[PDB]
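S.K.: Once you've seen the sequence and the experimental structure below, I've got questions.
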Amino acid sequence: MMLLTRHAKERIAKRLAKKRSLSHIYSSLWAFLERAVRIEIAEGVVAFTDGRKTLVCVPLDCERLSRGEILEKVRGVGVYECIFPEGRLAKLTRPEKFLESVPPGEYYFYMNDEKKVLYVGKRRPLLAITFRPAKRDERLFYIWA
C-alpha cells in the first residue's frame, strides 16, 4: 500500500539476506506491513510500526480509476518502476505491459513522471520517506493496539 523513497529502500535493503533487488526490497516491505499497525500520527504523516521498526509515510495525490481508465492514462508512458501490491509485483517495465497482470477492476492509481514510478492497488498509496527503529511512543501504540 505504499511506494518507497530511495531512502526507505536503502534502509529496508540494509537488512536483507538475499541480493538487494527491487522485488526483494518490496517483498520485505510487504512482510513488514503484515505485522505492522497504522498510526495517523500527524498532519500528512502516517506511521506503520511493528513495535521494533517504523515506516514513516506521507500521502500521495491519487485517483480511483477502472483498469481501462488507467490504460488510457499510461498510453505511451516509458519504463517505470511499477508496483501492484495485490500481485506482489514490483517491476521495472512499461505500464501498458505491466497492466496485463492487473485484472479488470477499480484501483487507486498514482504515477509520477519525474520519479518514473507507478502504483496500482486497492488501497490508497502512501510514500515511505524512511524506515527506522521504532520510537518509544510508536512501540507503546503497537503494544496497546
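M.R.: Thanks, I have the structure now. Numbering: from 1, shown residues only.
S.K.: Can you give the domain ranges for the chain?
M.R.: Domain segmentation of the chain under automatic domain parsing yields 1-60+125-145, 62-124.
S.K.: Export those as a markdown table, with columns for mean neighbour count.
M.R.: Placement of C-beta: from N, CA and C, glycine included. Listed next are the domains of the chain as a markdown table, based on neighbours: other CB atoms under 10 Å:
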| stretch | mean neighbour count |
| --- | --- |
| domain 1-60+125-145 | 16 |
| domain 62-124 | 16 |
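S.K.: tell me which element the residue nearest to residue 63 when sequence neighbours are not counted falls in.
M.R.: Of all residues not flanking residue 63 in the chain, residue 109 sits nearest, at 5.6 Å (CB to CB, 6 or more residues apart in numbering). Following DSSP states H and E, the helix or strand that holds residue 109 is strand 106-112.
S.K.: And the helix or strand following that strand, how far out from the chain middle?
M.R.: The first helix or strand that comes after strand 106-112 along the chain, using DSSP H and E, is strand 117-121. Taking CA atoms, centre = their mean, to the nearest Å, the mean C-alpha location of strand 117-121 is offset from the chain mean by 8 Å.
S.K.: Also stretch 25-44?
M.R.: Relative to the chain's own centre, stretch 25-44 is displaced by 9 Å; criterion: CA atoms, centre = their mean.
S.K.: Grab the CA positions of that stretch and hand them over as PDB.
M.R.: Backbone C-alpha positions of stretch 25-44 (Å, rounded to 0.1, in the frame of the first residue of the first chain) are rendered in PDB as follows:
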ATOM      1  CA  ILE A  25      13.000  -4.900  -1.200                       C
ATOM      2  CA  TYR A  26       9.300  -4.700  -1.900                       C
ATOM      3  CA  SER A  27       8.800  -8.300  -0.600                       C
ATOM      4  CA  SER A  28      10.500  -7.300   2.700                       C
ATOM      5  CA  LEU A  29       8.200  -4.200   2.900                       C
ATOM      6  CA  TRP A  30       5.100  -6.400   2.300                       C
ATOM      7  CA  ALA A  31       6.200  -8.800   5.000                       C
ATOM      8  CA  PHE A  32       6.700  -5.900   7.400                       C
ATOM      9  CA  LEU A  33       3.300  -4.500   6.700                       C
ATOM     10  CA  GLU A  34       1.600  -7.800   7.500                       C
ATOM     11  CA  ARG A  35       2.800  -7.400  11.100                       C
ATOM     12  CA  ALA A  36       2.700  -3.600  11.400                       C
ATOM     13  CA  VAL A  37      -0.100  -1.300  12.700                       C
ATOM     14  CA  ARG A  38      -1.000   2.000  11.200                       C
ATOM     15  CA  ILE A  39      -0.900   5.300  13.200                       C
ATOM     16  CA  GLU A  40      -2.300   8.600  11.900                       C
ATOM     17  CA  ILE A  41       0.500  10.300  13.700                       C
ATOM     18  CA  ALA A  42       0.500  13.900  12.400                       C
ATOM     19  CA  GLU A  43      -0.900  16.100   9.600                       C
ATOM     20  CA  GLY A  44       0.400  14.500   6.400                       C
END
